[PDB]
Structure formats: structure tokens, C-alpha cells
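Take a look at the structure set out below.
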Amino acid sequence: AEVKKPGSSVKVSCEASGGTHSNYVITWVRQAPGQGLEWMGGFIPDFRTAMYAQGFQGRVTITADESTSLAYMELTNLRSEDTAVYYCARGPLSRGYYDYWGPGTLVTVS
Amino acid sequence: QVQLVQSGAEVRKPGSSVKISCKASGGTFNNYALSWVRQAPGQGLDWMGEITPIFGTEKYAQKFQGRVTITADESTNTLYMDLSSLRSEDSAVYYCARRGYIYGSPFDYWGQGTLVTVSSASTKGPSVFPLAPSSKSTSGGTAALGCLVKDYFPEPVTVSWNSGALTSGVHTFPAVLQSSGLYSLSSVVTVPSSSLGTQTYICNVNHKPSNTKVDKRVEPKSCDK
Amino acid sequence: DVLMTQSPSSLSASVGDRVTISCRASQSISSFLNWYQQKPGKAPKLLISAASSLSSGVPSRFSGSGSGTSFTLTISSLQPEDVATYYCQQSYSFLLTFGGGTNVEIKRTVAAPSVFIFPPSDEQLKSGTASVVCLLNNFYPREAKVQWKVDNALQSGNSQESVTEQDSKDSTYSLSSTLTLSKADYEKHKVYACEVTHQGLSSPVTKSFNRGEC
Amino acid sequence: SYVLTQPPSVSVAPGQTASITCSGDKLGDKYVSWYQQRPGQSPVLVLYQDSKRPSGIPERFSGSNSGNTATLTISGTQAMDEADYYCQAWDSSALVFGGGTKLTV
Amino acid sequence: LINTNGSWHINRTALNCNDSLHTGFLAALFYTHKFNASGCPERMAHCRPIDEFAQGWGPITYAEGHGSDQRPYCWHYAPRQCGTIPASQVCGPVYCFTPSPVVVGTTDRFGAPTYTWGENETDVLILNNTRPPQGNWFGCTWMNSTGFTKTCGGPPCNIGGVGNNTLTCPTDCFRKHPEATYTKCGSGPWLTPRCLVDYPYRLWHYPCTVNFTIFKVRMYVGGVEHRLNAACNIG
Ligand SMILES: *[C@@H]1O[C@H](CO)[C@@H](O[C@@H]2O[C@H](CO)[C@@H](O[C@@H]3O[C@H](CO)[C@@H](O)[C@H](O[C@@H]4O[C@H](CO)[C@@H](O)[C@H](O)[C@@H]4O)[C@@H]3O)[C@H](O)[C@H]2NC(C)=O)[C@H](O)[C@H]1NC(C)=O
Ligand SMILES: *[C@@H]1O[C@H](CO)[C@@H](O)[C@H](O[C@@H]2O[C@H](CO)[C@@H](O)[C@H](O)[C@H]2NC(C)=O)[C@H]1NC(C)=O
Ligand SMILES: *[C@@H]1O[C@H](CO)[C@@H](O[C@@H]2O[C@H](CO)[C@@H](O)[C@H](O)[C@H]2NC(C)=O)[C@H](O)[C@H]1NC(C)=O
Ligand SMILES: *[C@@H]1O[C@H](CO)[C@@H](O[C@@H]2O[C@H](CO)[C@@H](O)[C@H](O)[C@H]2NC(C)=O)[C@H](O)[C@H]1NC(C)=O
């Protein structure tokens with residue numbers, strides 16, 4: 001993707017389709033280039049609740065729909081430290097491990 | 001706006017097995033309950049079984065003593081129902097119905113139905129005979145002609161008069177299974193006696209499995225006259 | 001099992017009347033009932049849900065009511081296309097069950113039947129089989145009795161009848177009674193006839209043809 | 001906050017055993033899962049619940065967690081077991097991703 | 001705003017959960033602590049194993065009116081036969097065990113489905129225990145608004161017998177009275193004294209069964225055959 005001019009908004013369409021869908025916790029992970037993973041938040045289709053990352057307690061905004069897609073975030077105020085690859089995972093309800101990681105998505109900012 | 005699509009008609013033998021598919025065109029089977037409902041000819045609807053994906057649960061009506069096994073393939077998005085040991089009484093139309101997983105929901109979608117014919121017979125061609133009119137009957141102001149299609153298998157046989165030119169006043173009755181396990185049906189037409197001088201009274205019997213196509217002419221005032 | 005009963009088995013009414021269909025569950029099922037309509041040779045279609053809710057797209061002339069062990073469906077103004085079979089289904093127990101189905105019809109003035117008899121052709125004659133067809137054309141009501149007499153003798157268990165569906169433009173039926181006899185039995189008699197008894201006939205009709213004439 | 005510690009890199013010879021350690025404060029009571037990410041690929045779960053592994057993973061992969069340390073032991077390394085490994089744990093309504101240990105044969 | 005384009009699971013559920021007291025019960029819907037860290041074992045200490053309870057004698061009976069205010073995280077309990085409940089005292093879905101899990105929805109007053117997310121004066125869950133052989137379910141569990149597990153099912157089956165700590169059997173107390181089963185004495189998710197019916201929210205309702213292992217079981221009830229997953233440990 002091109003440069004999202006500093007101070008913009010980005011949506012991460014998870015195209016989340018794994019396991020049994022509704023009863024499968026969506027999530028999101030951000031990996032900077034060669035720096036390891038870092039959490040951003042979570043979501044549950046049944047309980048419309050969007051847990052937030054402490055570092056991203058403000059900017060992360062989760063909105064979705066009943067269907068197998070349209071679940072994403074809205075990270076505003078992009079800055080150089082936000083350049084990274086975002087991965088969507090779909091774990092079981094409350095086991096903890098995030099199986100079936102989705103294809104990554106690259107995001108860059110000038 | 002799911003549209004469930006089923007497979008074509010199947011003809012099997014006693015002791016064999018069948019597998020009918022149900023594909024949800026423009027939809028998804030997950031987040032639903034899928035049931036199979038069969039309708040024997042001249043009888044009400046019946047419940048076969050049910051599969052719930054998310055719960056990973058399957059309920060099979062004990063009426064079908066273990067012969068029904070349902071499965072779902074999300075990669076292909078299809079619902080398979082396998083029936084083994086097909087006895088004669090299994091001949092019927094099978095539908096796939098979609099329901100919600102909350103307590104007490106209605107079957108809001110159905111499949112077109114797949115005819116299953118379980119009989120011991122080999123594909124055979126039809127026999128066409130003319131139902132020529134009696135002279136006294138023709139004298140009555142209105143007469144009728146027919147061509148009896150006899151001893152064919154399997155269904156269906158389409159009869160068209162003059163390549164379908166005559167449609168009004170044509171009464172093609174439903175087929176009937178003869179005691180010898182062979183079908184038989186008639187397609188009679190009634191027309192003014194005055195025209196009978198004209199010659200547009202040949203029926204077209206068409207059968208696909210037997211690859212048969214017969215054009216038999218019913219002769220007005222046949223026999224001596 | 002929650003056995004269900006639907007009444008009446010089959011009812012007939014004119015165009016523009018109101019028709020009531022009663023369904024009843026063997027035990028209380030709260031408000032979990034649904035009404036399905038199935039036309040001939042077609043998949044059943046859902047009409048009523050929750051025993052009183054109207055589905056999307058269904059004509060408003062269908063209304064449902066009831067509770068406990070008493071449910072009813074009604075069409076206020078019967079239409080030409082409302083002719084079908086109607087089923088009541090209960091979704092209160094995990095073992096789904098359906099009603100016995102009720103057939104609707106359309107009323108009109110009684111029409112007399114026309115009888116025709118067809119002799120067997122020569123082609124079929126030498127094949128060891130002989131088929132005689134008696135046709136009843138464009139009559140009403142459906143109830144009609146056809147009997148086959150060969151040499152003024154009544155036959156039993158030797159003929160098969162087929163009835164077409166109600167005509168959508170004339171609301172009249174048709175019938176065909178076919179008698180099958182081998183060659184050996186066909187060459188022994190001389191007189192054949194079909195006798196028809198119907199409401200629209202003052203006295204039973206009889207059509208006869210002499211054997212052979214060839 | 002919470003911090004999980006792992007060695008920066010490890011080097012081994014073919015056919016030998018390699019061990020990667022993820023150490024934290026009282027980690028013996030937190031479930032730990034191990035991810036493997038090859039260069040330029042979406043990660044894949046190789047171990048969950050510390051010891052258990054998913055289907056399609058060779059029995060060669062092993063792991064454990066006790067006391068204050070969790071180990072990922074691989075026996076018989078080859079060129080197809082060269083990729084970063086990450087240690088994961090949940091703590092106080094927060095998700096923690098340990099540092100990546102690059103494995104090179 | 002409308003309910004949805006039908007969407008008959010986001011509506012028809014009681015989404016009224018509040019925790020001012022920071023018990024962190026909505027936080028543990030993502031992960032789950034070990035059997036130790038969660039601090040269950042002292043909770044599990046107060047109910048004993050099925051081996052030494054008592055011996056049942058003679059015929060079988062029924063009993064109700066039991067129920068000690070607590071969290072039902074144990075194999076035995078007396079769920080105090082259920083009745084209609086408002087939609088302002090429920091959090092999350094309500095799974096009722098056929099034994100095949102069934103999600104019950106808000107039914108307004110008598111029999112009217114409602115789609116207001118369970119937040120209105122009349123929105124009410126009408127769940128009534130009754131043996132499925134005569135329709136309905138055995139029982140079910142849900143979490144109240146503030147974050148405590150609650151359960152209610154058919155009249156908790158006693159086992160004909162006595163003792164200092166007689167067992168008000170809620171499920172499959174076999175080897176004591178060879179008539180108990182999840183068709184005559186079963187109330188809740190517990191198919192057998194050492195595992196529950198596996199449904200998506202099993203761990204959330206019972207957060208210290210994490211070390212349980214899946215298993216495939218099948219049984220016939222009424223006139224239907226059920227293929228179900230039971231999560232059992234030790235055995
Ligand atoms: C489900 O099975 C149950 C059988 O007991 C029953 O469901 C409820 O059962 C409770 C008792 O367990 C009863 O509670 C009633 O509550 C309603 C208001 O919520 C009151 O009408 C009623 O008041 C009592 O009864 C008289 C008035 O009806 C009065 O003279 C009394 O002094 C006292 O006020 C009860 O307190 C009731 O049986 C059921 N309650 C509800 C809300 O359904 C039902 O039989 C069965 N479910 C259904 C739908 O029938
Ligand atoms: C943790 O989980 C297992 C239980 O099987 C085991 O590691 C521990 O058992 C407890 O360890 C205690 C030491 O901290 C000791 O008192 C005893 O072995 C045992 N006590 C119990 C189970 O009450 C579990 N607990 C801990 C703290 O590790
Ligand atoms: C959730 O419910 C209310 C929603 O506003 C919150 O306020 C408390 O509500 C309870 C209701 O039982 C009152 O008893 C308290 O006094 C309220 N708190 C006040 C006035 O400060 C609260 O966050 C939650 N309460 C409960 C019980 O879950
Ligand atoms: C909750 O439901 C009640 C009734 O089911 C609604 O209350 C009234 O409903 C009647 C009939 O529709 C009308 O008088 C009004 O719609 C309502 N009048 C009021 C509330 O004074 C109510 O609107 C529903 N919603 C809420 C938030 O209470």
C-alpha cells in the first residue's frame with residue numbers, strides 16, 4: 001500500500017474465515033520488520049466486546065458484522081513506528097493459542 | 001438468499017447405496033442446522049436427520065436404522081447424505097432443508113428434491129400403439145386419438161403431437177407402473193371430426209436413457225374404416 | 001412423539017370465500033408452530049411461523065392464530081393460485097413432525113363427462129397383449145366410477161385408472177381406465193364396453209364396441 | 001507489565017539437538033505456546049499448552065514449561081527447521097509475545 | 001435502529017453484563033489460567049469424589065427446593081428446578097442440554113420472540129425444564145449480570161438412599177443405583193461425574209476444566225440418536 005499521509009486512518013479487513021466462525025475468537029497482531037510480534041486487541045462475534053491493547057487503548061476501534069467478513073479495526077493517526085505487517089488469527093473460545101494465522105498485510109507510512 | 005441445489009435423479013438396485021449432495025448456491029452452511037426431508041409419492045413429509053456444524057452435533061431419526069449418514073464439506077460447501085441398503089420402499093423425493101440453530105426455528109429453505117428410483121429393471125425402449133377412432137364415434141361431432149406408450153423404463157417419457165404443434169385438448173396422463181415393473185402412459189388429443197381428413201396425427205415419443213424416438217401415425221377411420 | 005392432527009382432510013370452496021384449516025398438537029407446544037404450502041411437484045414453502053407470524057413476501061390473506069393445543073390458519077379471500085396442500089409442523093421437540101396435509105380445491109358448476117372407447121390396434125394384437133382404453137374428458141366433480149364389461153360380465157382387478165390434475169383454466173378433470181388382456185383371453189369374447197357413473201349424468205352411460213370389425 | 005526473555009540466537013550442526021528457552025517471572029503457572037515463522041511467512045503454531053502440538057507437526061518437535069522457564073527442544077535439525085520461534089503467554093488481560101530466537105543450521 | 005437483517009443470534013440474547021467489582025470474568029473469555037493460577041482447587045475442595053458418597057437402596061424418587069447459593073463448578077448439585085427469568089439478570093447465551101446443546105432466546109411473556117438485544121422491560125427468557133422424552137430439555141446454565149455462574153434444570157434427581165452427605169444426583173450416578181442416567185436423573189451439562197457436554201462456552205462457564213480432553217460419545221434419547229462431544233479428564 002502507498003503512504004497513508006501522516007495523520008490518517010487504516011482498516012485491516014481480516015477476511016476472517018476459520019474453524020466454526022462465530023464461536024472462534026478473532027484477533028490481530030502487528031509485526032514490525034525484524035522486531036517480533038506485538039498484540040493489538042481481540043474480539044468475539046457473540047459478545048460484542050472489543051478488548052484493547054494497553055499501548056493502543058485509544059486508537060484501536062473494532063467494528064464488524066454478522067457475516068464471515070467485515071470484521072476489522074480502525075487505527076488512526078499513523079506514524080513511522082506503525083509501519084508493520086498485520087496478521088489476523090482465529091483461536092478457539094478461551095484456550096488462548098491463536099491457530100490458523102491468516103495471510104499478512106503490509107502497511108507503510110512516510 | 002440461499003438457493004439450495006441438489007443432484008439429478010438416481011436409479012439404483014436393491015441392496016445398493018446412494019449419495020445425494022446439496023450445495024448452497026449463494027450461501028453458507030455454517031451457522032445453521034441442515035436436515036434431510038423425504039417425501040414418498042402420495043404421502044406426507046418425513047424427517048431424516050440433522051447436522052449442526054458449530055456444535056459438531058448430528059441427530060439421526062431412528063426410523064432409518066443407521067443407514068443415513070450426513071456429512072458437510074466447507075471447502076466445497078456441500079452437504080452429503082449417504083443411504084445404504086436401498087430397499088424397494090426407499091423410492092421417493094429427497095429434499096435438503098436449512099434451519100437456524102436457536103430453539104424452535106422454521107425450515108425457511110428447501111431443495112428442489114432428487115428422485116430416487118429403486119427397482120430391478122434394465123433401461124428399455126417404449127412401444128407406441130395407435131388409438132384409432134371408431135367410425136360411429138367420429139360421427140358424433142367430436143373425436144379423439146391417442147398413442148399408448150407401453151412397456152418402457154425408466155421415466156420420464158415425453159409425448160408431443162406433430163412435434164408439439166397440437167397443445168390444446170391434449171391430456172397426457174401420469175405414468176403408471178405395470179405389475180411387471182414396466183411403465184405405461186397415454187397422451188390423448190381431441191379435435192373436430194372435420195379436420196380428421198387432414199394428417200397431423202403422429203405422436204413423438206421420446207426416451208433419453210433408451211435413446212429412443214418413435215413417430216407413430218394414428219390413422220383416422222383405421223382398420224376397415 | 002408429538003403427533004399432530006390436521007382437519008379437514010380435504011375441503012373445497014369457491015373463489016372469494018374464506019377457508020379455515022385447523023391443526024392440533026397431542027400436547028401443549030406453546031407457540032412453536034409453522035404452516036407450509038406445497039403445490040404439486042414442488043418443494044414445500046413456509047407460510048406461517050411462531051403460530052401467528054407472517055413471513056416476508058407471503059400474501060397478507062393468510063392469518064394464523066392459536067396456542068397451547070389449538071392452532072388455526074385462515075385464508076380470507078381464496079384465490080385461484082391458493083390451491084395446494086397445507087401442512088402444520090411443530091418445532092417444540094428435537095424430533096420434528098409434520099401434519100397430515102390438507103388439500104384445497106375450487107368449486108364450480110357440475111359438468112357432464114364425455115366417454116370414448118378405443119379398440120386395440122393390429123400391431124399390438126399379434127404381440128400377445130391387447131389394451132382397451134376408455135377415456136372420460138373434461139368432467140366435474142372428480143368423483144366418478146368407471147366399470148369395464150366384456151360380454152356383459154364385470155371384470156375385477158384387471159384395469160388401471162389415471163386421473164389428470166385439475167385444469168387451471170376450466171377446473172375440470174379427466175380420467176382414463178385401461179384394460180389389459182393377453183391375446184388368448186382377447187380372442188374368446190365379442191362384446192366390450194365401459195360404463196361410467198357420475199353426478200352430472202341422469203343415468204349411467206355405456207359405450208360399447210364389437211370385437212374385431214376388421 | 002510483563003516481560004518474557006529468550007536467547008537472541010542459536011547455532012547448531014545438522015542432525016543435532018537445539019534448545020530455545022523462554023524465561024519469565026513465575027512462568028510455570030502461565031500457559032505458553034510456541035510459534036514458528038519462516039522468512040517472509042505468516043507464523044504457524046507448532047506447540048500449544050506448552051507441551052501439546054497440533055496435527056501435521058512432526059514428533060521431532062518437543063517443548064516443556066516448569067518453574068520459571070519453558071524450553072523448545074528439537075532433535076535432529078535440518079535445513080527445513082531454520083526459522084524464528086516466538087514464545088507466547090497471557091497475563092493480566094494482556095497478551096505477551098517473547099523475543100524471537102533465530103535458529104541457523 | 002432495527003434489530004438486524006434477521007441475524008438471529010446477535011439479537012435474541014441477553015447482553016447485559018456489568019462488573020464494577022473487578023472480578024475480571026469478561027477478561028477470561030479470551031484466555032484461561034492454569035488449574036493452579038485460577039485458584040480453583042480450594043473452590044473444588046468443598047465437594048468430594050463420587051467414590052465414597054453413599055449406597056442407594058430400593059426405589060427412586062424426586063426432590064426439589066434445594067440450591068445453596070454458590071458457583072456450580074462441581075459434578076453434584078441440586079439446580080433448583082428452573083422457571084421464567086428476566087433478561088436483565090443474564091449475561092451471554094443460554095445453552096440447554098437436550099443433551100445436544102440448544103441456544104434458547106428471549107421469548108416475550110408467553111410465546112412472542114423479541115429482537116431487542118434482551119434489554120426491555122418485558123424481554124424475558126421462558127425456559128422450563130421438562131424431560132425431552134416429553135419434549136423440552138433437561139436443564140441449562142448461564143452467567144448472571146455481575147459475573148457469577150448459575151444453573152437450573154429438571155427436579156434434581158435424588159438417589160434412593162441416605163447418609164451424612166447423601167447425593168442429590170444431577171447426572172449419571174452409576175454404581176450406586178443402576179437406574180440413574182442422563183434421561184431420568186440428568187439435569188445439567190454433566191453427562192457423567194467426570195465430564196460435561198462440550199459446547200463453545202464450556203470453559204467460560206466452568207473455568208477450571210481446562211485440563212480436560214475431548215472425546216466423542218453417542219447416545220439415544222426418546223426416538224433420536226445423538227452424536228456429541230464430551231470433554232473428560234482422568235476418567
Ligand atoms: C413452567 O413450570 C413452572 C411450574 O412450577 C411454571 O413456571 C413458573 O413457576 C413458578 C413457581 O415455580 C410460578 O411463578 C409464578 O409467577 C407469576 C409471575 O411471574 C405469578 O403469576 C404466580 O403468582 C403465584 O400464583 C398465583 C398467581 O398466579 C397467586 O395466587 C399466588 O399467590 C402467587 O402470586 C407465580 O408466583 C409459576 O407457576 C410460573 N411463573 C411464570 C412466570 O411462568 C409454569 O407452570 C411453567 N411455564 C408456563 C409458561 O406455564
Ligand atoms: C500446580 O499443578 C500441579 C497439580 O497437579 C502441581 O504442580 C502443583 O501441586 C501442588 O504443589 C504444591 C507446591 O506449590 C504442593 O502443596 C502440592 O504438591 C500441590 N498442592 C495442591 C495441588 O494443593 C500445583 N500447585 C502449585 C502451586 O504448583
Ligand atoms: C452495573 O450496573 C450499573 C449500571 O449503571 C452500575 O451502577 C451500579 O448499579 C447497581 C445496580 O444493582 C447499584 O446497586 C450501584 O449502586 C450502582 N453503582 C453506583 C450507583 O455507583 C454498575 O457499574 C454495575 N452494577 C452492578 C451491580 O453490576
Ligand atoms: C419495550 O416493549 C414495550 C412493550 O412491549 C414498549 O412499550 C410500549 O409499547 C406499546 C405498544 O407498541 C406502545 O405504547 C409504545 O411502543 C410503548 N410505550 C411506552 C414505552 O411508553 C417499549 O416501547 C419497548 N421498548 C422499551 C425501550 O421499553
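A simple charge model with +1 on the Cβ of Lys and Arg, -1 on the Cβ of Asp and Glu and nothing else charged puts the dipole of the protein assembly as shown at about 1200 debye relative to its Cα centre.
Rounded to the nearest 0.05, the FRET efficiency derived from the C-beta distance between A:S17 and E:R48 at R0 = 56 Å is 0.75.
Among rounded, prolate and oblate, which fits the range E:46-94 when a ≥ b ≥ c are the square roots of the eigenvalues of its C-alpha gyration tensor, a/c under 1.5 means rounded, and a/b larger than b/c means prolate? Oblate shape, in that a/c is at least 1.5 and b/c is the bigger or equal ratio. Shielding of peptide C:84-91 by partners, expressed as the average count of other chain Cβ atoms within 10 Å per residue Cβ, is 2.
Computed from the C-beta positions of A:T68 and B:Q199, the FRET efficiency with R₀ = 56 Å rounds to 0.30. Taking GluC sites (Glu not before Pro) as candidate sites, keep only those in a DSSP loop with at most 16 other Cβ atoms within 10 Å, then name the longest stretch of chain C containing none of them. It runs C:1-142. Between the C-alpha center of the range A:35-110 and that of the range B:110-154 there is a gap of 67 Å. Principal axis analysis of the Cα atoms in the range C:84-214 yields extents of 66, 38, 25 Å, listed in decreasing size. Packing, taken as the mean count of other beta carbons within 10 Å per residue, orders the peptides E:70-76, C:148-154, E:136-142 from highest to lowest as E:136-142, E:70-76, C:148-154.
The charge dipole of chain B, taken about its Cα centre with unit charges on the Cβ atoms of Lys, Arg (+1), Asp and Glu (-1) only, comes to about 540 debye.
A DSSP coil position with no more than 11 other Cβ atoms inside 10 Å describes the following GluC sites (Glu not before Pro) in the range E:20-106: E:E52.
Values of log10 I(q)/I(0) for the range B:1-130 across q = 0.10, 0.16, 0.19 Å⁻¹ run -0.34, -0.79, -1.08, by the Debye formula with one identical scatterer at each alpha carbon and no solvent. A Förster radius of 30 Å, combined with the Cβ-Cβ distance separating B:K124 from C:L11, puts the computed FRET efficiency at roughly 0.10. Largest mean-square fluctuation among D:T17, D:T77, D:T69, in a Gaussian network model of chain D whose springs join Cα atoms under 10 Å apart, belongs to D:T17. Sort the range E:151-199 into rounded, prolate or oblate with this rule: let a ≥ b ≥ c be the square roots of the eigenvalues of the Cα gyration tensor; rounded if a/c is under 1.5, and if a/c is not under 1.5, prolate when a/b is larger than b/c, oblate otherwise. Prolate shape, in that a/c is at least 1.5 and a/b is the bigger ratio. Taking each of E:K176/E:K216; B:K136/C:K169; B:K23/C:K39 in turn, the alpha-carbon distance tops 28 angstrom for B:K136/C:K169. State whether the range E:1-189 is rounded, prolate or oblate according to the following rule on the C-alpha gyration tensor (a ≥ b ≥ c being the square roots of its eigenvalues): a/c under 1.5 gives rounded; otherwise a/b larger than b/c gives prolate, and the remaining case gives oblate. Here the range E:1-189 falls in the oblate category.
Using a 7 Å offset from Cα along Cα-Cβ at B:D215, what residues in the range B:157-173 end up with backbone N under 13 Å from the label point? The answer is B:160-165. Could you work out the relative contact order of the range C:4-106? I mean the mean sequence separation of Cα pairs under 8 Å and 6+ apart, divided by the number of residues, in percent. Once normalised by length, the contact order is 37 percent. Inter-chain Cβ neighbour count for C:172-178, averaged per residue, equals 3 (cutoff 10 Å, partner chain atoms only). Springs between Cα atoms under 10 Å define the GNM used for chain A, and in it the highest mean-square fluctuation of A:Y86, A:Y52, A:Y97 occurs at A:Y97. Across all Cα atoms of the range C:4-106, the radius of gyration (one decimal) and Dmax (whole number) stand at 12.8, 39 Å. Centroid-to-centroid, using Cα positions, the range D:5-79 and the range C:124-190 are 84 Å apart.
The mean count of C-beta atoms from other chains within 10 Å of the C-beta of residues in D:88-94, rounded to a whole number, is 6. Structure shown: which of B:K213/C:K188; B:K63/C:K45; B:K13/B:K213; B:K150/B:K213 lie over 23 Å apart, alpha-carbon to alpha-carbon? Listed pairs above 23 Å: B:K213/C:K188; B:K63/C:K45; B:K13/B:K213.
Please note: Cβ atoms are built from the backbone with ideal geometry, for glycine as well, and neighbour counts cover all protein chains shown. Every number in this text was worked out from the coordinates using simple rules, so none of it is lab data.
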